[PDB]
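> Here's my sequence, what's the structure:
(2 chains, ligands or ions: 4)
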Protein chains: 2
Amino acid sequence: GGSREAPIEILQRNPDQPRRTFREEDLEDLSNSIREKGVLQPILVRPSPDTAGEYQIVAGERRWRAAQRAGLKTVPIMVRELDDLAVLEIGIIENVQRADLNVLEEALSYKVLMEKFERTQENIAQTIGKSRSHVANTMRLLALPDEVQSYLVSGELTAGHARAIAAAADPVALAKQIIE
Amino acid sequence: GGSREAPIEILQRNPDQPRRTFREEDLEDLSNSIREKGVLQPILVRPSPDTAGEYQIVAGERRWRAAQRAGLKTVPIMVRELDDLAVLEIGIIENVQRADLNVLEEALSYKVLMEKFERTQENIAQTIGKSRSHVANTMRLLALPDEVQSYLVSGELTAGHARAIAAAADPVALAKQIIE
Ligand SMILES: Nc1ccn([C@@H]2O[C@H](COP(=O)(O)OP(=O)(O)OP(=O)(O)O)[C@@H](O)[C@H]2O)c(=O)n1
Ligand SMILES: Nc1ccn([C@@H]2O[C@H](COP(=O)(O)OP(=O)(O)OP(=O)(O)O)[C@@H](O)[C@H]2O)c(=O)n1
Ligand SMILES: [Mg+2]
Ligand SMILES: [Mg+2]
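Numbering: from 1, shown residues only, chains lettered A, B, ... in the order given. Ligands and ions are numbered 1, 2, ... in the order given. Next up is the structure itself:
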């Protein structure tokens, strides 16, 4: 059994899904991102244990909720027979076994969009489903010295602190201030 | 066009993929995780622009490399016609449009594996493809006071710092020390 488009309305959440909390800010970004390029990773479901002809989401609740807000009529699914232990395992694995992109690898990606493909920071924001603010701030990090970038490449400079350092009117000045 | 199993050997990487660096530590965890439950999210590819009957990975290089080390003969793929702008966009989106699990939501998930399903910390480690160390340290956080957990629930307490705080013989003592 491969992956198929299926009517969004015949899908339901597992209450015992490892993820409890869902921030509006993030869900808005995903629904925006889905409105543009659609649902890119198919949603993992098992046949519903409670209701007939329904599917219980094993992995991809945010995708389902985002696609709902985005007003998509169908979603891509993969149906696999799974017991309650399998689902909890998979639920953890999909979210735990994945490496985040370095904020500089992200910034460089935006540079290439601008230079090689002549995309404005607005064009980028609209396509990737993030704010013009986030894009601008992310790219400003490319200005910083090689040494401070090496701190972000290494992780020494906190990834959270990076977005803050970027927002500053005098961003490079906050490099030495990071020590204290 | 859905998703199909395809021989791992007819897949190649895009050199211009947003992600440049690949840490051995993480790739080992993924290959372990894949050795157990296989490749859970199908790998997004376009028909190779250079070589005939080959596919260029748009999203899922780590999965491909992990599955390779894991000695998988086939991998699940989805083939879509995509130009160089599409691929760079999608490459960014799949990695940028996704929310990480709270370290406490992770710990609780492991608790339920132990209590509801009678899994040892070794059983968990083997199935999720992480270290017994990582599992033990992650669960120890559930012991900590509601106040310091609120710091991790909020994010104030660095998620990386959490596993370290947990390992400490006197973990709660690091709460006031989080001033610096
Ligand atoms: N047994 C597993 C473990 C993990 N994953 C998935 O593999 C992906 C790993 O994400 P990432 O670190 O970004 O690597 P890839 O997407 O494989 O590669 P890249 O982003 O570099 O293209 C995640 O979707 C995760 O759910 C999976 O399909 N099967
Ligand atoms: N246009 C987009 C944007 C993002 N994604 C994918 O949506 C997932 C978001 O991951 P996460 O934040 O964990 O949410 P879900 O996996 O959807 O939900 P859950 O983990 O709660 O099951 C990622 O694999 C990302 O590649 C996608 O398919 N299409
Ligand atoms: Mg997920
Ligand atoms: Mg990825």
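
> so the residue most central in space within chain A is in which element?
Central residue of chain A (CA atoms, centre = their mean): residue A:30, 6.7 Å from the mean position. Taking DSSP states H and E as the criterion, residue A:30 maps to helix A:24-37.

> Which elements pack onto that helix?
On a contact count with 3 or more CB pairs under 8 Å, 6 or more residues apart in numbering or on different chains; DSSP states H and E, helix A:24-37 meets helix A:61-69, helix A:121-128, helix B:84-96. Using the backbone N, CA and C atoms, a C-beta is placed for each residue, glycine as well.

> Could you look up the next helix or strand downstream of the shortest one?
Read that as helix A:121-128. Assigned by DSSP H and E, the successor of helix A:121-128 is helix A:132-140.

> Quick check: end-to-end length of stretch A:17-33?
23 Å (CA to CA, to the nearest Å).

> close to ligand 1, is it?
No. Using CB under 6 Å from any ligand atom, stretch A:17-33 stays clear of ligand 1, coming no nearer than 12.4 Å.

> Which parts of that stretch count as buried, going by neighbours?
A:17, A:18, A:19, A:27, A:29, A:30, A:31, A:32, A:33 (16 or more other CB atoms under 10 Å in any protein chain shown).

> that older thread, so who does the residue nearest to the centre of chain A touch?
A:62, A:63, A:66, A:129, B:97 (CB atoms under 8 Å, 6 or more residues apart in numbering or on different chains).

> Roughly how far does the residue lying closest to the fourth one once chain neighbours are set aside sit from residue B:142?
On the basis of CB to CB, 6 or more residues apart in numbering or on different chains, the spatially nearest residue to residue A:129 that is not a chain neighbour turns out to be residue A:33, at 2.9 Å. If you measure residue A:33 against residue B:142 using CB to CB, to the nearest Å, the figure is 33 Å.

> Flag every residue of chain A that's near ligand 3.
A:94, A:95 (CB under 5 Å from the ion).

> And the residue of chain A closest to chain B?
residue A:3 (3.7 Å; CB to the nearest CB).

> So what's the residue count around that residue?
20 (other CB atoms under 10 Å in any protein chain shown).

> which residue packs closest to it, ignoring adjacent ones?
Per CB to CB, 6+ apart, closest to residue A:3 is residue B:3, 3.7 Å.

> Now that neighbour. Its backbone dihedrals?
phi -130, psi 140 (degrees, to the nearest 10).

> Tell me if I'm right that it and residue B:76 touch.
Yes. Residue B:3 is within contact range of residue B:76, at 5.5 Å (criterion: CB atoms under 8 Å).

> so what sits against both of those two?
Joint contacts of residue B:3 and residue B:76 (CB under 8 Å, 6+ apart) are A:2, B:42.

> Now do residue A:43 against ligand 1, distance only.
From residue A:43 across to ligand 1, the span is 12 Å (CB to the nearest ligand atom, to the nearest Å).

> tally of neighbours for that residue?
Neighbour number of residue A:43 under other CB under 10 Å is 23.

> so who does it touch?
A:11, A:57, A:59, A:60, A:63, A:64, A:75, A:76, A:77, A:78.

> and it, bridged to which residues?
residue A:77 (DSSP bridges).

> The residue of chain A closest to chain B and ligand 3, how far apart?
Applying CB to the ion, to the nearest Å, the value for residue A:3 to ligand 3 is 16 Å.
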